[PDB]
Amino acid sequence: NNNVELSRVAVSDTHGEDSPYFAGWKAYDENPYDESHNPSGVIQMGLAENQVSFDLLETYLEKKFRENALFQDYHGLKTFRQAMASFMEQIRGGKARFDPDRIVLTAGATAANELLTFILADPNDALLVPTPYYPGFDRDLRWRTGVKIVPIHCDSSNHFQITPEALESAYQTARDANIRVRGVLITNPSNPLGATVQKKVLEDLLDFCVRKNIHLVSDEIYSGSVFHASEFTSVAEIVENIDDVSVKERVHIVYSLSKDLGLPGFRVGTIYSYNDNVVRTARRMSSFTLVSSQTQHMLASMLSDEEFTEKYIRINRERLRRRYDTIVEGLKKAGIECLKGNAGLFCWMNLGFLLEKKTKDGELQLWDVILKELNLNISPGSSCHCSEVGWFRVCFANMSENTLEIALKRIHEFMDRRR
């Protein structure tokens, strides 16, 4: 006899925890920085969390049960989905409108993307994802679904943006390889690039999805963190300009309050689908990952406070843009370039010029030095499947001004030695 057996999924490494993204976070837990009693400790810059605006929520909740405890309906509180739909309209500046009856809540966007993948792709089918992308997709999209990721290659020529030749090449290469493609999943604005997607690129992408008869999933979890509202194009805007419901039926939006509101612990995700069958199916499936009715009830009033949401979103954009400029201008003093970003909680930092040669193990060696001599946890670009080595994602939104300044000192101090 042998030890009682677990499933293939259970012994698979697709949980993604043998990886630089997880090891650097682990190195942070063993020696965390602290201004007062460990200024030599590891500064956490590898986690995309937003604390720069959190005082607005603290100030707001200061100034202001049986029903929710019994409410477990898979639609979610009608009151909260109105708050969510209105909050999403405010993020997009009225260039889109959201019917609360189409809102499906999930425990964060982690749940939403896996759920949508269950709905749009069979096991052994594939989704196209532009590189570089959020390492967590390698778990979220694949671990339990049997679905595969086919990369859409992007390089620095066009600032890592989708080109029609890369969409056609990724699709056709897979189709010639007897891999069935079911859709494209994009991050808009991008993680890890911190960059909006240009409107015409999204329009060509939607046209491409029509021509191949595939789906378009747009993960817009950083939409409220675009530095300037007018530079963001949600796929909702491209679809609102179309009454052809035959076209609408393939577009789905993933959103979450984890990044824009800085509430990751509350696990508020949503799917907004223009496909009525996906809505009905996603909602039944959300039974496996429902949002606490307590937090829905708490957040509903705050997220419907049109006065407060207008102010929060405006101010959150400015503080993130302000941190982006702080860190990008700090790195330029040290002789380090970043991609020009216009959104998100992270900058995309080019260190390829410090490498042995453009190889993967050279990037990890450098990452090891930044993690052990500089005591900074940042994410190596190859764990985001970047096509060029030496790029690093650096998060700037989860820390105090001074902690960012000290982190900048260590890097500036490190470049002086290497010259």
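Start at 1 with the first residue shown and count on from there.
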- Item | Where residue 64 meets residue 65 in the shown sequence, the number of deposited residues left unmodelled | 10 or more
- Note on the structure: Looking only at C-alpha temperature factors in the entry, 216-224 or 88-96, the higher average sits in 88-96
- Mind pulling up the entry and telling me whether 392-400 or 19-27 has the higher mean Cα temperature factor? 19-27
- Message: For the CA B factor values reported in this entry, which option in 101, 140, 276, 204 has the top one?
- Response: 101
- Query: What's the residue among 282, 170, 268, 185 with the greatest CA temperature factor in the PDB record?
  - Reply: 170
- Task: Please rank the C-alpha B-factors of the chain's modelled residues and tell me whether residue 153 sits in the lowest, middle or highest third.
- Result: middle
- Query: Among the modelled residues of its chain, does the C-alpha B-factor of residue 318 lie in the lowest, middle or highest third?
  - Reply: middle
- Query: Comparing residue 4 with the other modelled residues of its chain, is its CA B-factor in the lowest, middle or highest third?
  - Reply: lowest
- Message: Which third, lowest, middle or highest, does the C-alpha temperature factor of residue 10 belong to within its own chain?
- Response: lowest
- Message: Sorting by Cα B-factor within the chain, modelled residues only, which third would residue 359 end up in: lowest, middle or highest?
- Response: highest
